[PDB]
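Just the one chain here, the form deposited without phenylacetaldehyde (HY1), laid out as structure tokens.
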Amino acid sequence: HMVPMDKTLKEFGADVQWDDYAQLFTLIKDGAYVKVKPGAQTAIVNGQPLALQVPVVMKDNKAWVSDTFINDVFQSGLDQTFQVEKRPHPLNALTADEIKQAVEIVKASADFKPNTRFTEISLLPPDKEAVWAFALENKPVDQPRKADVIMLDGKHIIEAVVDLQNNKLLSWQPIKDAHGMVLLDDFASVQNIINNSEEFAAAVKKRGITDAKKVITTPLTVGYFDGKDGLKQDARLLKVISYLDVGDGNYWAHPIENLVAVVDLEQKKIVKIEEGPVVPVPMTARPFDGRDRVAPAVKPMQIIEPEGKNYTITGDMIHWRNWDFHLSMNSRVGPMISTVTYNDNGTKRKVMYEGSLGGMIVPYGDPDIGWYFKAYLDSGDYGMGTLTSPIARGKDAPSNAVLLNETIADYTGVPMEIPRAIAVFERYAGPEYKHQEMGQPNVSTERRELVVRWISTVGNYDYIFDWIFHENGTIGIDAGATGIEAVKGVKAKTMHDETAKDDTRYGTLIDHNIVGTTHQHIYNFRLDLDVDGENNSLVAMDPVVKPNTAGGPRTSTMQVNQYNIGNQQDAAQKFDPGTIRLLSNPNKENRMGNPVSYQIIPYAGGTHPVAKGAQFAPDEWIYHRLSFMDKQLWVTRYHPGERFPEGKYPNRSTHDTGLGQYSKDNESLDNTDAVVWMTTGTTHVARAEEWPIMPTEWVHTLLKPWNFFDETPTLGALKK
């Protein structure tokens, strides 16, 4: 029984190329590079021959394969990219079965109710010392596996801990005052509640909208204003902004300006409609999907690895050159990079226990009724892992990437497999080093980087995060932003109209009747670096110009002021990119007697203007609630429950329960387990080039080995 080759291979997600001159198919998926000729008894997979019982059959210019071809070829074993894990790593995420088990254990208590949802079901952090002992010594972890299960019972948060080995509930703790994140069903509830409101339909009608069934809602968290917003603190509320669907696939281009509904999600009712002046809806079609555009005819470019990859993925463990690390997915913050070591001539040296996104915020700058409260805490309030955007193969990542599927719990407690959740890819990155000595043979080597890429979309914006492993020990973390801008409906068509100056006070006029309201993008990364060990110190090195006291003609010299930063409050600081900040191991030295260190660079560049802090006065509630926005470098003492720069429950928070709190007390940062937090931000002033869709803009951060090694790390293995 035969199937059409071209169609079957495309369903499966393989690239299929036919070469009529060579009479050769080239088939590519992930780590498999396959060559096969019609009628041939053998195919080639990653340079190795594979017998085929049934050859590819060509027949009236149409290829047909066996029913078993895809499994015979792609799952043969000749693609060595993925390997089976011997003993399960203790940081492996919860499996589908473990998720279902956690949900049965809590559903077996008297307290569970059928409206009860799950904000997060995740592995409970096992003991760090034990996890490192498993990674470095293969010591089994004796403590049993547990899950944190965070429930939303109507509006109340409850934290449960389940023991998975012994199948029992270990704790069940109500968290008073905490509001829950926004859950997927809240999007539909809001849209339904608005569709059923007579009051809302009348409001919409007086702003020009004839058909209220064409109104698209979007849910926003309301923040906290100590009652100036007129919103009761006890209630589960969301604000709702509206747009008109005109059939262009881009409702974001048709704001219904100055109409905000406040929805109570327990009562399932609109509890308040805020109405400002009437601004006609911008109606012109502004598709971003190409429906109105001519297709480009570009010549092909492929990045090919025809003998397979240089990395191996064993369960969730990635091995690549001198690097080893574990890669898992969390529903709130997305990818977690753990137990990162560097193999230095046979000895695995610790670099990082856990790194991930801490949290992020996109706060707006306009005081009007549709805007004043508007701030996306994308991970904390919406769940960025849950909103992972599957990688578009060859576009969102290069043609030579491997795309990983990842499993998390949805809000009803059912496993969901996110397809193409993460891309892994090696890339050429210019020369690693070069020296052309005059009159001698050249010396050049190529640089290779391993990239781990993940994309999450929250409403209008799409965020790309790259964790970049350099062969030489450097680690990069880059954050990219694309998607559709949040825009304000205005009366001005051009800057010559009467209202233009007022309409553009808080943002640029980027289309007729459309203003891209000014805002910031602020990302924070939590990096539990363990620089060649647990016990580290924060060291400052400030390059300075000093008077020359040594004689000769110079008046000045270049020197460095070096000092330790021994307490947390002083560690929380602005980053001057002219200075050097190290996390050093004062217990271990390189061959020159210098403490082995990593240099921390929270700002290594970007393509939008940089935020030097929060673009808010210090008496703003958002400023008070979210200290992480205003400093670029923080260092705190390791604590397994201090994970989020915005705090665990940021929705309508009244005070800072994140980095403001974690860095508040002054215990010592001297020779102890430190956690580094980097904040990097931009100030986004809009331009017409960014509308109707924004070209990807990037910010860059770096961690560089600083006397961690004894010489150029990529020179190669010593032959004597």
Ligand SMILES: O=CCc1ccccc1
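Numbers for residues come from their place in the sequence shown, where the first is 1.
Higher average CA B factor: 133-141, of the stretches 133-141 and 642-650.
Of the two segments, 402-410 and 143-151, the one listed with the higher mean B-factor is 143-151 (C-alpha atoms only). Of all the options 229, 354, 324, 466, the entry's greatest CA B-factor is assigned to 229. Highest CA B-factor among the listed residues (43, 669, 32, 688): 669. The deposited CA B-factor of residue 710 belongs to the lowest third of values across its chain. Placement of the Cα temperature factor of residue 212 within the chain: highest third of the modelled residues, per the deposited record. In the deposited entry, the Cα temperature factor of residue 221 places it in the middle third of its chain's modelled residues. In this PDB entry, the Cα temperature factor of residue 253 sits in the bottom third of its chain's modelled residues, the lowest group. Sorting the modelled residues of the chain by their CA temperature factor places residue 164 in the highest third.
Beyond what is shown, the protein has a form deposited with phenylacetaldehyde (HY1) bound; the following relates to that form.
None of 372-380, 329-337, 196-204, 585-593 except one has non-hydrogen atoms within 4.5 angstroms of phenylacetaldehyde (HY1) in the deposited complex; the exception is 372-380.
Site annotation in the deposited complex: the residue of 621, 82, 311, 461 reaching within 4.5 Å of phenylacetaldehyde (HY1) with a heavy atom is 461. None of 613, 219, 476, 606 but one reaches within 4.5 angstroms of phenylacetaldehyde (HY1) in the deposited complex through a heavy atom, and that residue is 219. Phenylacetaldehyde (HY1) in the deposited complex is approached by residue 252, whose closest heavy atom lies within 4.5 angstroms of it. Of the heavy atoms in residue 649, none are within 4.5 Å of phenylacetaldehyde (HY1) in the deposited complex. Heavy atoms of residue 112 never reach within 4.5 Å of phenylacetaldehyde (HY1) in the deposited complex, leaving it off the interface. Although the partner is absent here, residue 638 lies well away from phenylacetaldehyde (HY1) in the deposited complex, with no heavy atom inside 4.5 Å.
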